[PDB]
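One structure below.
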Amino acid sequence: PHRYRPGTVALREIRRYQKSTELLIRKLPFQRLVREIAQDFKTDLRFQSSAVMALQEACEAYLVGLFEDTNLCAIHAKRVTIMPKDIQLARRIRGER
Amino acid sequence: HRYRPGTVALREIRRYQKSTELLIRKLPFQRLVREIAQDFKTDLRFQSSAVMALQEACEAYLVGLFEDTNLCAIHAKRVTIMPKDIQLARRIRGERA
Amino acid sequence: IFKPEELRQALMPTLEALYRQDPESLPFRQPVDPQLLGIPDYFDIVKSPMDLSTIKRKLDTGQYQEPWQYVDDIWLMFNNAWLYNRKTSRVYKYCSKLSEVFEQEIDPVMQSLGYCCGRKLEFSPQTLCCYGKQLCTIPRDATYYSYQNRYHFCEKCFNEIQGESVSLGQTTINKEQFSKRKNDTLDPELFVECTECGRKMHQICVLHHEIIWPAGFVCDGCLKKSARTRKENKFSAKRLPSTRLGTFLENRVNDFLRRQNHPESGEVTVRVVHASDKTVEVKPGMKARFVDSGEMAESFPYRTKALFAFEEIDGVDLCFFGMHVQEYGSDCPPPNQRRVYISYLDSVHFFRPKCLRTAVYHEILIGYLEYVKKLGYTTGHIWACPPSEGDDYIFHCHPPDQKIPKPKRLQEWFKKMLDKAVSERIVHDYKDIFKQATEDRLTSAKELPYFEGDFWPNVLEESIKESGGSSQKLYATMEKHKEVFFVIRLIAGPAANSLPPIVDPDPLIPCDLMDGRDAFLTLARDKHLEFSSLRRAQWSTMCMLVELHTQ
Amino acid sequence: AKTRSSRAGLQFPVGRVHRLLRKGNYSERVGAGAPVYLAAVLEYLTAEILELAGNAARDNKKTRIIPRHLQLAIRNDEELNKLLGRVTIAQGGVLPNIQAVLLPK
Amino acid sequence: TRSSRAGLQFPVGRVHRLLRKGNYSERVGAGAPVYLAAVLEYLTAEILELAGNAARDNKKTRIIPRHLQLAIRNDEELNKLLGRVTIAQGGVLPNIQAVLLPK
Amino acid sequence: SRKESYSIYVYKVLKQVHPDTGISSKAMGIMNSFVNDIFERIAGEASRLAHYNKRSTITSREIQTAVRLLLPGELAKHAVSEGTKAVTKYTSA
Amino acid sequence: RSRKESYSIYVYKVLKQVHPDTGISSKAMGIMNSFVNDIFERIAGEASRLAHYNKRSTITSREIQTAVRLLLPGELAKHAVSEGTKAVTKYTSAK
Amino acid sequence: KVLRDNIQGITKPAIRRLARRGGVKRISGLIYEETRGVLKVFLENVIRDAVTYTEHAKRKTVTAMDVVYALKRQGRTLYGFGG
Amino acid sequence: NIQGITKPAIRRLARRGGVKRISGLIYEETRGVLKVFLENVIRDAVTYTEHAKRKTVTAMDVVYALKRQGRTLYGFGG
DNA sequence: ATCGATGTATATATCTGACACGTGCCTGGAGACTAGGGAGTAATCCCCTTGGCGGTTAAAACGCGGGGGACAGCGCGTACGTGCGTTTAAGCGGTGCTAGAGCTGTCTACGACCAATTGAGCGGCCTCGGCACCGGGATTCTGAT
DNA sequence: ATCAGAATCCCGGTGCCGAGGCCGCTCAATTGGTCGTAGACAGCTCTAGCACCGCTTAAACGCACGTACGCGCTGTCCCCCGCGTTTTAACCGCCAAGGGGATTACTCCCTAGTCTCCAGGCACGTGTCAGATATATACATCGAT
């Protein structure tokens, strides 16, 4: 048959996803997660759907930035595969925690 | 006799992290500040307290930057901080664009 | 008695938690001055005033010997405000907010002090009927009229009646003799005192029953300090007498659970707790039509049985399924000969593991069909009727989050059970009543099985009188209601005609408490035995089992 | 003319900007040139962004400016990128970039 | 006065005047400056207590900026509060990364 | 209830800059929020500065130095030029 | 000669209440002064932005309490709110 | 209804697509856990602020403006939802 | 005068930061970074002064230039 | 270096609902006038900055020997990518229920304003003891054998 | 391990200048009273959130296989380091000159406030075309031979 060598479908996906702008986290699981986290602070809270959408946008932006900086670290370390310590190192250096 | 390379550095660390006095010579830094202010408005006079404040701020900033650079350099399996580390730490912090 | 500082240190944080609620706290921080606040009738309604300052003071000055006295005052303050102020008012909602903060604060503190819990508990309010109409009912908190705490009337159907005299049954009572009142009464849970440390705990939290442990209650704290454990509870489900039927059913269930091998499965115990002989009498319409001309028996003998399934949950017995059946043997006249009918079944949804619950109910029913088939009963009969709202078939006061199936879901549930029974070659086949009648070439109402409490005896009365002498619309009535009525063939065809006598090897079991559903529902209602939560169901099971063991 | 915006040869409203400068408690008294200056600088910045946004949109062969075009115009211009360094544009997307090392050889 | 009438130590009148003059809002409720002075007083009590502890550990009776820097960086919640502030003549926490230490 | 906004003004500016281009409602909202953000930044900085100088009025000088502070070099220069040109065209008539 | 104000004597009183043996150097005094000023500025600004968000024109104790719950980390915020409510109650009660 | 274990709703391919947008080429199998943690640590810092605004104005619906303000406070402002 | 930041001065600064062994191009890179940071802070301080109609940069101006950049500096009378 | 199989861009037809414009309505902005204080400006004083000269000595600069770490290459093991079949549940479209956001009208308690008043706090003076410093000793690490 | 050999901590004695206490006053906080409105609160409307049910199909999950990459190891080399010696210019002390920061007094003109009038702008409705979507085609390109 025909089988792409490992490492080219990754690049195709990089281009395809950097080209488009749609959301990437599934809407309903993220909504349920947000409600779960909020229920810990004040029981029986109702969420304007626009607010859940804004939360999802902010989380997507934060995670994309974090993965960008993590990939930059992992390239600095003479590697190619981002790893959890990279995420944690990038956030430590950025001044966040 | 001779101290093996790598212990005078540690003794210097232990000694300098204990003290709080300033590490940049006052007069060279003052002349540098005046030279830099020469470009924005001619014939400016500096309150000596303001030069002291500038020196404290620059020291704090450089110390933080070297700390983060050393973090990067240790993360990359090395021990010698290098200009790319400084630049990488600043890029990750988001300080430089 | 705790040292007053011990109490202050422990409880004051819970009081501060209320104080620091702004603005909710403000109305409650000082004693209500009725006149200053522009409210003169306050002391006509509120007879035991209470507020945060008064409570703080009693706490600071060591006026509480034990923490429940603090809790009682807090709740007095809250209920005073819920009493005087309108549900829609400002103070009312403020009060509600404070009480929520309090419930969350108080529970772990009380537990730190060696108590079961810090919650304030009260039983569910009973539903009040109406002597005015058949199934009229009174709603919680809404106003109603009563006489001798026996005859109650909803504010509507009370004023309906022309004039000023009511009639109760055949004697006449002036309306002025009725009490006007709100259905807002809730009975508190009871406490039992540790005989060693003296702490008061919820009787239902600690499951202390005086018959089972007559020496007295000793809390787990006191028991562990001396490395003791409670004496064994001998009033268990497992120790109820075994029967061939109970054994057969429980073996089927436990063999199924063992095959599934799901984590955290428990053994199920099934017991038959009642078996007696009874008769169903043909009602006056049908009796005038067919009995008096000798075309139908005036009554039919059957055996009724009650059975229950139990599981151990958190070390304690839990009754989760109950069922009553009517069995018409081989000596019974046609049309009822060799038939079984399910009078009613009911459940309490605490079975573990959840994802095998329905499967287990099905195994119980399939096993029961298989068992009576073996005895030589030919046919099973099921009326799929969910309980109406606020009625319980067997277990008093279900969990409010246990959903009640509507008719289509319940029908499909019986179909799924029967389909499994067919695939196991227990049930030969099954049909709705309309199709079955068609297949039996039925022509007359006297040919329909006649069961105690069933739909068809009642609708036949109605039909005969509507038609002024009547079978006329029988097929039409069957077609109309067909999805609800299952006829289940256990023994098919020529084999059903030459069977030996039905001989039940199990003995009769006299138990008045379980002769039909009413007695156990009445007991439960009279003794606050609810099945509305895991803890209350565990208590209620424990009390039920004592009653069954002690007779 | 009548409207104070016309006197300055502007497009943004100076009256509304003046009202806002009073209402948010930024100072006891608001000058009369500050609203004009502020409306002017606001208009200039908006024109500056919309220029590049329209250009990037015409690059993608479209007529309507959508959030992606604004994101591109903001992240491509060196100077705007610094003024708007810590703002996430909903539906924006990111700049297409791949590090050199990751590319195949 | 009002600082005494509330069991506080910071000045309430001064905080009220500052709330008025600074143009934070058109008006200022009478309850705000008391609360604000109480919060300020509590935070200062915390910082000074930690600094005094650190100084006593250093065999000194007079709190100096180094002790403040130590009492701020050592504690966690305060470090999170005062994240991006530099203290003149403050010094740095003593720490050497594990990899750097000799083998 | 009337809800104030900067829609028509941004639209006019767009028509001046790209006479044959329209702006989607979402981009309209984005610009409407960006203008609010920049105006808030500039006004807050001018307020802080006027408080620093112990002054009680925001005049064009404050706004000018606030623009000098907030925007980077070239944007600051052009914006200051625009501000002075507009205030002169105003005071002239 | 201008009469400039500060928070020196108050910080001194607090220090004497919390470590009676201990003195404070002049530079540490300046640092504590600037720190109090900065925290007060943050809290006042946050209360102002709250009041504006709710389209209300007064900063009452509620906005201050919410600003405290927003600015400070968990334990410090809880303690500060407790202190605040205690002080407000003792103020309003007595006279 | 009570909610639990919804954090697994951030599926492995979801984090994969996210990283693929950021410019990553090969993800170590240990990332898919760690990232989830990080995400939680972010949300518990935004909602806890949004709620605090809502609990202030005496409301029970967290409005989009509340989330936008909670974000803007953390120096992570968000254009496109109101202001 | 950027050569005024001597090599052993950067050595001491770094030794405080916690490094153990320094390369040879750090010195130049650090000179550049410090020049940039100083340019920014001094530009903001100047702008403040030039507004206040003064010719002497007061310590308050530098403290405000720092507080603006998110680098608040305690100990000079903020 | 070709072949082929796959993905991507391009060219065109169809349909839709989101954007552009036209209209009525209403309230926020504009115009004219006035009273008042905040700010501009002149003058003065004295603090604090700048500039400079001499000495002293600590620190910067420079040269050298070499040990240790950066870096390149290699080989091994496996964790991750890719594709495929199977299974889960998100997405969509309705359908209903209603708590709660939002608006309005009434009323009052709370905060701004102002005059009189006095003590809390700030500026200045003066003392002593907490710490800077120094010399001597005890202890503690580090490196070669 | 065991030695010498520098570094560092401890202890005690001397001194000095900065903090802490005390005194005078003056201006800002306090108290008392009045007036106006911002906000609390009750009541109403009705939208947007929540729940639910069924159907479709994209998307997630599990699994097998292979390979490109992480990583540990080893060798080479050059480059910072520690140290000794020579050079310089920071630092401190002191003096001298003058700019401008700060303060005060005076005057004016810029703005807040008030009223009265009307047009810019928003909600609403309606009409159509830019773009989404589907389909056929030409080209790019990636990998095996």
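Chains as they are written, first to last, in PDB author numbering: chain A, 38 to 134; chain E, 39 to 135; chain K, 1048 to 1216, 1223 to 1523, 1581 to 1661; chain G, 14 to 118; chain C, 16 to 118; chain H, 32 to 124; chain D, 31 to 125; chain B, 20 to 102; chain F, 25 to 102.
Don't be surprised by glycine CBs; every beta carbon is placed ideally from N, CA and C.
Which runs of the beta strand (DSSP E) fall wholly inside the region 1614-1653 of chain K and span at least 3 residues, in chain order?
none
When we look at the beta-carbon of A113(G) and count the other beta-carbons within 10 Å, is it buried (16 or more) or exposed?
exposed
Just to confirm the assignment: which complete alpha helix (DSSP H) runs, minimum length 4, are found wholly within the region 1118-1147 of chain K?
The region 1118-1147 of chain K contains no whole alpha helix (DSSP H) run of 4 or more residues.
Pick out the complete alpha helix (DSSP H) segments inside the region 1259-1334 of chain K, 4 residues or longer, and give them in chain order.
1273-1278, 1297-1313
Please return the same chain residues whose Cβ sits closer than 6 Å to the Cβ of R1635(K), not counting the five positions on each side in sequence.
The beta carbon of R1635(K) sits closer than 6 Å to the beta carbons of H1449 from its chain, once the five residues preceding and following it are set aside; these are given in chain order.
Kindly list, in the order they appear in chain F, the residues whose Cβ is closer than 9 Å to that of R92(H).
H75
Does the Cβ of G48(B) have 16 or more other Cβ atoms within 10 Å, making it buried, or fewer, making it exposed?
exposed
Is it true that the region 42-52 of chain E meets the region 84-102 of chain B, where meeting means three or more beta-carbon pairs spaced less than 8 Å apart?
Contact fails: fewer than three Cβ-Cβ distances are below 8 Å.
Would DSSP call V1480(K) helix, strand or coil?
Here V1480(K) sits in coil by DSSP.
Leaving out the 5 sequence neighbours to the left and right, which residues in its chain are closer than 7 Å to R40(B) when beta-carbon positions are compared?
none
The alpha helix (DSSP H) that contains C96(E), what's its start and end?
86-113
Got a sec? Which residues, its chain only, sit under 6 Å from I54(H) by beta carbon, not counting five neighbours each side?
Around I54(H): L45.
According to DSSP, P1354(K) sits in a beta bridge with which residue or residues?
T1332(K)
Contact criterion: CB-CB distance below 8 Å. Does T52(D) meet it with respect to chain C?
Interface flag for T52(D) against chain C is set, since a Cβ pair is found closer than 8 Å.
Could you check how far apart the C-beta atoms of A75(E) and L82(E) are, in whole angstroms? I think they sit under 8 Å.
Confirmed, about 5 Å.
Classify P80(C) as buried or exposed, calling it buried when 16 or more other Cβ atoms lie within 10 Å of its own Cβ.
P80(C) is classed as buried because its beta carbon has at least 16 other beta carbons within 10 Å across all chains shown.
Going by other Cβ atoms of all chains shown within 10 Å of its Cβ, with 16 needed for buried, is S64(D) buried or exposed?
The residue is buried, with at least 16 neighbouring Cβ atoms inside 10 Å.
Give the residues of chain B in contact with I78(G), contact being defined as C-beta atoms less than 9 Å apart.
Correct list: empty, because the minimum Cβ distance to chain B is about 13 Å.
Excluding the five sequence neighbours on either side, which residues of its own chain have a C-beta within less than 7 Å of the C-beta of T1101(K), listed in chain order?
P1078
Which residue wins for smallest C-alpha separation from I1086(K), given the options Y1131(K), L1065(K), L1062(K), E1113(K)?
Of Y1131(K), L1065(K), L1062(K), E1113(K), the residue nearest in Cα terms is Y1131(K).
Would you grab the beta carbon distance between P1114(K) and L1058(K) for me? Rounded to a whole angstrom, and I think it's under 8 Å.
About 6 Å separates the two Cβ atoms, so the contact holds.
For a contact defined as C-beta to C-beta under 7 Å, what are the partners of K57(H) on chain B?
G99
Name the DSSP bridge partner or partners of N1227(K)?
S1212(K)
Could you give the DSSP three-state label for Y1397(K): helix, strand or coil?
strand
Residues of chain G with CB under 8 Å from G42(B), in chain order?
The answer, in chain order, is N110, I111, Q112, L115.
Nearest CA to the CA of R1055(K): which residue from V1413(K), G1161(K), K1103(K)?
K1103(K)
If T1322(K) and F1353(K) are in contact, beta carbons under 8 Å, what's the gap, nearest whole angstrom?
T1322(K) to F1353(K), Cβ: 33 Å. No contact.
Please classify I1601(K): does DSSP put it in a helix, a strand, or coil?
coil
If residue 20(A) and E97(A) are in contact, beta carbons under 8 Å, what's the gap, nearest whole angstrom?
Outside the displayed range of chain A (38 to 134) lies residue 20(A), so it cannot be described from this structure.
If we ignore side chains and look at the alpha-carbon of each, how far apart do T96(H) and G67(G) end up?
30 Å
Is there contact between the region 1246-1260 of chain K and the region 1647-1654 of chain K, where contact requires at least three CB pairs shorter than 8 Å?
yes
Figure out for me which residue from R1312(K), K1284(K), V1325(K) has the closest Cα to the Cα of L1302(K).
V1325(K)
Using the beta-carbon count (16 or more within 10 Å), is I1457(K) buried or exposed?
exposed
With H, G and I counted as helix, E and B as strand and the rest as coil, what does DSSP make of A1359(K)?
Here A1359(K) sits in strand by DSSP.
Examine the Cβ distances between the region 94-114 of chain D and the region 90-101 of chain C and report whether three or more of them are shorter than 8 Å.
Yes, since at least three Cβ pairs between the region 94-114 of chain D and the region 90-101 of chain C fall closer than 8 Å, the two stretches touch.
Can you find the residues in the same chain that come closer than 8 Å, C-beta to C-beta, to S1523(K), ignoring five residues on each side of it along the sequence?
Only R1342, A1498, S1516, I1517 meet the Cβ criterion.
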